[PDB]
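Student: Structure for this input, please:
(chains A, B, C, D, E, F, G, H and I, ligands or ions: 5)
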Amino acid sequence: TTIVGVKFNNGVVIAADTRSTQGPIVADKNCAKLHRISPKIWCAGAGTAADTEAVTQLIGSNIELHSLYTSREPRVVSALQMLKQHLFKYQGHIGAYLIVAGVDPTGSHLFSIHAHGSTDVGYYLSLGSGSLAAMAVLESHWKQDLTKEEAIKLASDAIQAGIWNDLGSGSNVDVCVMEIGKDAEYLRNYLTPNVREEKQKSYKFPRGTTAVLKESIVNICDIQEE
Amino acid sequence: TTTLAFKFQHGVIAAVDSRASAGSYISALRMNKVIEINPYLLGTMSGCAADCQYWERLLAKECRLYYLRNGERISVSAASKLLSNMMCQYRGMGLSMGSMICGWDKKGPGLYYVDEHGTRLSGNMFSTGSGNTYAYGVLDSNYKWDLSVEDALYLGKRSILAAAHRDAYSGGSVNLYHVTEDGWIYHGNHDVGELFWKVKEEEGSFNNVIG
Amino acid sequence: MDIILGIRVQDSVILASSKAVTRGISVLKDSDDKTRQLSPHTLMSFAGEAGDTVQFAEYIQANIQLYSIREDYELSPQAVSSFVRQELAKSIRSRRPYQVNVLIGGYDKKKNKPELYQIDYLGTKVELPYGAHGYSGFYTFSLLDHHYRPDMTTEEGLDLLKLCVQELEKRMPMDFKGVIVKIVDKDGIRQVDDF
Amino acid sequence: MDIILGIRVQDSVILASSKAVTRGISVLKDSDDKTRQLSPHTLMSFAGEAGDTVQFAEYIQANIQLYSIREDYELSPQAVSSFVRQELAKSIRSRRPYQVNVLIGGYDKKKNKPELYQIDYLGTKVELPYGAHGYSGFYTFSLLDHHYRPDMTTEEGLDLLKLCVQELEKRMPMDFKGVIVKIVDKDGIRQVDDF
Amino acid sequence: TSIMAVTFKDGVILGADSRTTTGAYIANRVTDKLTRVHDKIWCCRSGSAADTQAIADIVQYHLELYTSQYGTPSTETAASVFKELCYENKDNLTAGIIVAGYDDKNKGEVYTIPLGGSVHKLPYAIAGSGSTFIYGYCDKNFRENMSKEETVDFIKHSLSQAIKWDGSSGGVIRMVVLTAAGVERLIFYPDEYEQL
Amino acid sequence: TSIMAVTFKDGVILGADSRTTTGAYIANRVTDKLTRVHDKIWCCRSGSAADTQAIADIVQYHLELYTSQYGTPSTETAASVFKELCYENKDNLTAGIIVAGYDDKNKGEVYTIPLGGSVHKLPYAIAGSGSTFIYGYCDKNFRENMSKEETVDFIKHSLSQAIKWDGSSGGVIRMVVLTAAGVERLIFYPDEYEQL
Amino acid sequence: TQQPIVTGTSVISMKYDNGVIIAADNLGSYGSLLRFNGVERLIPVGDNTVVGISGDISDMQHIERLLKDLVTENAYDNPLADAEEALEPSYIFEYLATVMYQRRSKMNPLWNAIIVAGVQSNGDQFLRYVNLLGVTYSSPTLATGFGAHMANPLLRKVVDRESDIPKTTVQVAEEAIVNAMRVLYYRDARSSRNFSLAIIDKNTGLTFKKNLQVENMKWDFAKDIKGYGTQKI
Amino acid sequence: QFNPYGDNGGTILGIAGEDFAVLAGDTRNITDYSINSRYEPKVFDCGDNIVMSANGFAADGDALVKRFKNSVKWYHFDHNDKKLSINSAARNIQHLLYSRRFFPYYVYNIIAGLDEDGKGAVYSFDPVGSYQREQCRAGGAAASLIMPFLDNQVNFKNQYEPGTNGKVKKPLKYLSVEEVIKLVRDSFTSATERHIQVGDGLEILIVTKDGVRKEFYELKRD
Amino acid sequence: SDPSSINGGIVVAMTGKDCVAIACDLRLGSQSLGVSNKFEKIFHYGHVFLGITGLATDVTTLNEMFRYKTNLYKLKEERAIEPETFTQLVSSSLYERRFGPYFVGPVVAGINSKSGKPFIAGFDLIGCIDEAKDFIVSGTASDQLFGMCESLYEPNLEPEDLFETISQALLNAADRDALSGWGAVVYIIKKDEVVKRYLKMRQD
Ligand SMILES: *[C@@](C)(CO)[C@](*)(O)[C@H](Cc1ccccc1)NC(=O)[C@H](Cc1c[nH]c2ccccc12)NC(=O)[C@@H](C)NC(=O)CN1CCOCC1
Ligand SMILES: [Mg+2]
Ligand SMILES: [Mg+2]
Ligand SMILES: [Mg+2]
Ligand SMILES: [Mg+2]
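Tutor: Numbers count the residues shown, from 1 in each chain, chains lettered A, B, ... in the order given. Ligands and ions are numbered 1, 2, ... in the order given. Have a look at this structure:
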């Protein structure tokens, strides 16, 4: 995984690659690492894929119920606190490393959170196996008072660094922009720099090529009338 | 692997499978697990492919030198012992090699089992490898000294098939050999996929399997 | 314990089980019956760690017998085998699992068919024409693959079983002191006293 | 390998040795002769780790045969046993020791007495009326303690040996495939072909 | 990590570096290791970030609840709550905490709580991996009843050396001044403190 | 152990504590860790006493033989012989040695040879378990071209703190002054240095 | 078999149109202790090669001496030692690579990662890596340790492939190297502000720059960062 | 503890034609999750119309190739500039590998060329020296991905002739060089997609009676 | 020892044009020993198909468990469960055993009865969903299947063409795995007809 988070003038942006691995094998070439906790609070996850989803959905569920109870829009600090206390309780056995970002009535926020329950504040952050490749880009090009368009560029450039230079990262770039006073825009496959070239040959077989022993109709319908 | 070899009235049969493994991955479908040391000597292979090839090809070097010095073909007893003595020098060093030395000499047909420990056993029938237990079942119930060459070739062929079926690390193909006093005779490469279905129909066996 | 075999023929199921019991370096008994009747037409043989085998078998027996009395009805071999599998699958994730492998031979009176189920200690169930646990299959399955037909008589099943035991007695290092053979058919369960 | 027994009677030494050889889970051979003639009136049986046994035995055989040719004279059983012990005591502190236990049965033509020596892989030598290696003694020594006399005939020695093998066959878990018996007396070495 | 707390005439000052490492990688170079548990009771954290954050959050909860019932808690009381957590959960924690606060009655006080869960009240305290390199400097240069400007210079020079020698320490020097006047945050960048 | 060597205007001074421990037991409280390998080339030893003694004895042999053939060896040459032993036998040694000597041409020179067998020429050097506590103090207080009396005070104060904080260090402070004038041995007892 | 004691961190390098650049900081670490602050880890061999070394410093000093002795030995009975038969970067590299692989094969390695940077007789750029395992590879950009993870990504934005080398000037390449060294100072816990840089050009020869410092650093944004989540003051 | 071995990734592929042979390999060199080089040649022309590639641990692979190239040189010196046949080279390599039976060259080795009858030949080795002549062989990181594809598309395994329904197999018609290169490129394109260590570039060496020819193709760089 | 490779087995699923396909081998073993050639690893709950690889006791256990849960779903909802919903149920059920997991590699396949859209999904043993457009693989020959599927697959295949592609992907992957084979089954699924074919393969 490569994931990043970048703050800007009137909000915050997060981004991620789309590769998932089973050791050296690529299980999914277009994975979705940008998760929704609430409408305007999104998180990106690295580490154990099931843990990042499960913990994200759990806190997102409890945040929705909290928002309903309090008649207020959810805050990023609430998601942060609920996440770290949950992760801390399991002493790092839930391998979820997340970048949490969002906008709320308090303003725009950006946090990182580790599997053991430690949280961190920043203007720019990166997590995952390609975090060093991405952070090199962020440290080179980040500045104070970024615009929305500059921040999306910086974010996707940071993810690309991971894609090209880290073997654990690849395929496409996902982005989510959370600006104050606006709906959050989720840009699935914002970049597509790794399309497979046409194959030299078609491997469509002649019908009847495969040897068969028995055929039978499978009854999927329910028990019938009459 | 599965290998077998047995003495009988008209010489000795030697049959082997052809599979090679790298854990669960089948690295080779068609490997030669027999070595033609000379026109009257064969060598089966089981264990580390590298060890089996190196040491039995080195055995062939030493058997050829015997012929040049003494002007006479080496015995099966002496050949098997040279090999077992090689194993005893690298005793404990981690070699993995189980082999049968099949041949015909002055005493008639000869068959010796040799392994990495330096063991050397004379006998009428042997079977080595991960699938040897399956092969022994067929051999023990059907073996006779009074076998015809045609029936004997089939027995060794059928015994490997039995093992190839049940043993996960045995299969691919069957290689047959028949050793006579005029020398050994290769009796072909038999794909197990095709052989299984053929045997099932003709013999009526493997009723449990659907085909 | 060591060797348990099973074979399903035309009209019956035949279970063969070793007689030996060993403590340390000494064979304590050479006439042990590694089986329990679960119901009049269902027999279960077993093999595994010392103590666990009998405790598990008797626990299953008590549950099936309780069911029989409650409903005044015999459970099908399939139903019994599923109950046993669940108990083992439940057991494998326990604090201390029961280390027992079983063969369940039964005659289904409804379908008029013999049935053989092989279940290992993990709860891995398979219906088979012939089966075995441990190393027993390594020696015997090649013979069974060759000689087995589904239309075999009980007498032919016993002869094929003798050939399997003879092969085991030739190629196994361990002396298992012969086998007790039992037949399960429409008339119930009986023991072959000469084998 | 597994079981090797020895008994010294009035006018001979009798050595019994198992016939089984096992690789992995399979018994490769059931007619193996675990013995070597060192000289016309001296026999050595052996048991231990695979390969080492035969290599050691044949190495000893070659040395004694070399001595016989050089001096045109047969070494006494006592002298041979001492040579063997030294080779094993030398071996135990080597880089890779030879893991072999032996029984040396011989007839001393000078003293006109049979002699049995038991030597383990450490080089522990003892002269005995009857001996064994490994677990064999655990089962058999109680019978030998009870039934053994020093004035026994060769036929009585064989009958007491049959009783020892029968006890082993009853109480040992391992099937050793019977024994090859050999007798050492004034006339030399001979094998009992029916046992 | 390099952390310290020093008492002086008008109150107390906490100081810390800003580096957080995951091995040799600097995960965060602008960390805030000075954390507030009450208006004028702060702590410096060392050890496991997860553990020290979890603790400080719990302590902040206890002192918020204390204040609601019994009024403003003492610095000694805050140190006791830290201790009670660190001591009773010593088998599952790796936390080295310095507690510092200002009362009007007791003025500036400093408590250190090392790994075991013991408590030690001191004039000044140092902790973290980088503290080892400045035991000699701090002992020689510390005086009681220093001025604010003297104390800031003392902390600045001390942490400057800790950062210089310790790889686990670095970044900026953060400070928090606790007096009757209020709470003042300070920051000193590399170009300032490196040339000392 | 706490050892150091410092160059100054007129030459070089070596300094060391006198404590030798076997765990927490003080096997020797009046050890001489300043050892002579040549007339005006001395070394400070840290690590395994057996190893550092064996090495220094061999070096003394090499330099005695060097002198017989090629005349007075340089301090750099002595450090090279130490290095060659420490580097080539690094798998079987635990020796941290500071080499210090005086020439008329090169004046006072200091070479440190840590665990690996690397060599580092320095203005001053510190080593031993107690050195960790005075990295900050020594860096702040060291100046080049100090006077003899200033340098003695610098070493005295430095080792005083190392002894104060390190349990493995203690006893008396021994010093050796290497100048054109000759070789002067100094000694300072606890009652003197503890009150600094 | 050993363990490294006093260590040197990343060495970074890249090719440009007329030559190569190589750089490395001047630190000798003793675990987490930043023990030695004046260590040169770039070692010139003649006027056409620079060897940059990371890892164990005692082993570095050993290699430094092998190279010094290599120059001495090449001059023996060689009238063209300062001309046609002078040492080439490819000669020096293969020597080291032979030594490194032999040492690992005796299970007594030189615990280093080495980059040999230089310019050949025919003006061709030379840049190749070798480590304690005897593993060798070449690329337009090369870096050791942390530099591999952080510097290469930045340097590959300038020279992503072979065809980008003629398009890259020395001013652009030096700028990229210097920026990379700054990034490593931000993010490598075993790095230092002070570093050395060497340029080997086919026209202007060897330029060796010492006592360089990382400058134009961004820290001001730290003042706004407060707490680890919920803290406002 | 010091670990003398490492894994530099990569994948190689050898296919034997009727009168030609190809040996292909990706140009990516890696350690763990980092890329060392996007173009580091792995397949070499060793002389005498033989091509070779040692995949696995690069240091051991470079040493073996270097030794074999040297073995060819000394074969000419010692035997009157005689051409080293592919079968003789294979046997020579077995002995080079078994030299280190107790400290192996951690590489999967393949060589390709022409036999003495002019037909295409590929030989495959394991790290300790077992070798064998084959028609088709993939070695390295993505060997398990590619080999099944080659069993299907080169030896027509599990393929039968329509209408017969499993009774008659697909006949084993030979493949042209142009057809083989398509299978090679598709193999590496597919392997690059699902294996993280494979990519960057593909270098193919084709061997005919005319000599050794090279072809290079780009691959995905992620 | 490794629970995911004791019994062996493989499952693969593919999408086509208005159709899906799912296939499995029939082997069940105890490491090297082959025990059964009739151990089907594909189950269906209404029109949703589930293939499970890994430890056979957990395969059997999970089938019985999802049969249980889908039968109750249907009684309460008064309709059959859909693939997208079932996928989430599998994920939920697996993650509730996060620290004592079922050693399995499930694969969902089916067509939404309302939208008509083909659907496949795969999971790890702990519940992470892999919703792919093209294909999903699972088992001891997963590496082999990835290579075959990635090279043979092309989008928008017709049912009778998709059959050949998935069959050859499975067959040739299984022939390079010692722990897979001994027969094979392929399900071809359309919106209102499902065909099941047993393949002829080598029995070694
Ligand atoms: C069964 C298949 C049991 O695995 C046989 O014994 C077989 C024997 C054999 C195979 C080929 C030639 C001669 C004899 N054994 C193997 O194939 C053997 C099994 C194996 C694997 N690691 C082992 C370690 C110790 C003992 C046995 C081991 N496999 C191999 O030797 C592997 C490593 N060799 C190859 O795969 C070699 N070939 C790969 C394809 O390219 C040509 C070389
Ligand atoms: Mg098989
Ligand atoms: Mg004894
Ligand atoms: Mg002290
Ligand atoms: Mg990449």
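
Student: The biggest strand by length in chain A pairs with which strands, and in what direction?
Tutor: Looking across chain A with DSSP state E, the single longest strand is strand A:96-104. Sheet pairing here is set by DSSP bridges, and for strand A:96-104 it gives strand A:41-47 (antiparallel), strand A:107-113 (antiparallel).

Student: Now the element after the last one, going C-ward?
Tutor: Meaning strand A:107-113. Counting by DSSP states H and E, the element after strand A:107-113 in chain order, helix or strand, is strand A:119-121.

Student: Please see if stretch B:87-99 touches ligand 1.
Tutor: Yes: under the criterion of CB under 6 Å from any ligand atom, stretch B:87-99 makes contact with ligand 1 via residue B:96. Placement of C-beta: from N, CA and C, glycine included.

Student: buried stuff in that stretch?
Tutor: B:87-88, B:90, B:95, B:97-99 (16 or more other CB atoms under 10 Å in any protein chain shown).

Student: Now tabulate the residues you listed in a markdown table and tack on distance to residue F:190.
Tutor: Putting the buried residues of stretch B:87-99 into a markdown table (distance: CB to CB, whole Å) gives the following:
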| residue | distance to residue F:190 |
| --- | --- |
| B:87 | 72 |
| B:88 | 71 |
| B:90 | 67 |
| B:95 | 68 |
| B:97 | 73 |
| B:98 | 76 |
| B:99 | 79 |
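
Student: Could you check how many residues crowd around residue H:119?
Tutor: Using other CB atoms under 10 Å in any protein chain shown, residue H:119 is surrounded by 13 other residues.

Student: how close does it sit to residue H:47?
Tutor: Between residue H:119 and residue H:47 the computed distance is 20 Å (CB to CB, to the nearest Å).

Student: Could you do residue I:28 as well?
Tutor: For residue I:28 relative to residue H:47 (CB to CB), the value is 52 Å.

Student: Settle it for me: which of the two has more neighbours?
Tutor: residue I:28 (24 against 18).

Student: Skipping adjacent residues, who's closest to the more buried one in space?
Tutor: Spatially, and ignoring its direct neighbours in sequence, residue I:28 is nearest to residue I:39 (3.6 Å; CB to CB, 6 or more residues apart in numbering or on different chains).

Student: correct me, but the one you found touches residue I:9?
Tutor: Yes: Residue I:39 is within contact range of residue I:9, at 7.5 Å (criterion: CB atoms under 8 Å).

Student: quick one, which of the two is more surrounded?
Tutor: Using other CB under 10 Å as the criterion, residue I:39 and residue I:9 rank with residue I:9 on top: 32 against 23.

Student: host element of the closest residue to that one other than its chain neighbours?
Tutor: Leaving aside its chain neighbours, residue I:9 sits nearest to residue I:53 (4.8 Å; criterion: CB to CB, 6+ apart). Using DSSP H and E, residue I:53 sits within strand I:48-54.

Student: does any bit of the helix ranked longest in chain H sit next to chain G?
Tutor: Longest helix in chain H, counting residues (DSSP state H): helix H:58-78. Yes: shown here: helix H:58-78 in contact with chain G (CB under 8 Å from any CB of the partner chain) through H:58-59, H:62-63.

Student: Who wins on neighbours among those?
Tutor: That'd be residue H:58 among the residues of helix H:58-78 next to chain G, by other CB under 10 Å, with 28 neighbours.

Student: Please report how far it lies from residue H:64.
Tutor: 11 Å.

Student: cool, residue B:147 as well?
Tutor: 48 Å.

Student: Same drill for these two, tell me which one is more crowded.
Tutor: Set side by side, residue B:147 and residue H:64 show more neighbours around residue H:64, with 22 against 18, by other CB under 10 Å.

Student: Make sure that one is actually in contact with residue H:97.
Tutor: Yes: look at residue H:64 against residue H:97 with CB under 8 Å: they come within range, at 7.4 Å.

Student: Find residues that contact each of the two.
Tutor: H:105, H:109 (CB atoms under 8 Å, 6 or more residues apart in numbering or on different chains).

Student: which residues in chain A form strands?
Tutor: Under DSSP E, chain A gives strands at A:2-8, A:11-17, A:20-22, A:25-28, A:34-38, A:41-47, A:96-104, A:107-113, A:119-121, A:124-128, A:173-179, A:185-191, A:212-217.

Student: SS state for the residue lying closest to residue I:143 once chain neighbours are set aside?
Tutor: Of all residues not flanking residue I:143 in the chain, residue H:144 sits nearest, at 4.4 Å (CB to CB, 6+ apart). What DSSP: H, G, I helix; E, B strand; the rest coil gives for residue H:144 is helix.

Student: Where does residue H:192 fall, secondary structure wise?
Tutor: helix H:177-194.

Student: Distance from that helix to the middle of the chain?
Tutor: Distance, stretch centre to chain centre, for helix H:177-194: 14 Å (CA atoms, centre = their mean, to the nearest Å).

Student: Direction-wise, compare the helix or strand just after it with helix H:177-194 and give the angle.
Tutor: Remark: after helix H:177-194, the chain's next helix or strand is strand H:201-208, criterion DSSP H and E. Put simply, strand H:201-208 runs at 160 degrees to helix H:177-194, going by axes from the mean of the first three to the mean of the last three CA atoms, to 10 degrees.

Student: other SSEs contacting the biggest strand by length in chain C?
Tutor: Across chain C, the longest stretch assigned as strand under DSSP E is strand C:100-108. Applying 3 or more CB pairs under 8 Å, 6 or more residues apart in numbering or on different chains; DSSP states H and E, we find strand C:100-108 packed against strand C:4-8, strand C:12-18, strand C:42-48, helix C:52-71, helix C:77-91, strand C:113-119, strand C:179-185.

Student: That one: partners in the sheet, and parallel or antiparallel?
Tutor: Next to strand C:100-108 in the sheet, as set by DSSP bridges, lie strand C:42-48 (antiparallel), strand C:113-119 (antiparallel).

Student: JSON lines for the ones you listed, including mean neighbour count and distance to residue E:66?
Tutor: Output for the strands paired with strand C:100-108, formatted as JSON lines (neighbours: other CB atoms under 10 Å in any protein chain shown; distance: least, CB to CB, whole Å):
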{"stretch": "strand C:42-48", "mean neighbour count": "24", "distance to residue E:66": "61"}
{"stretch": "strand C:113-119", "mean neighbour count": "23", "distance to residue E:66": "62"}
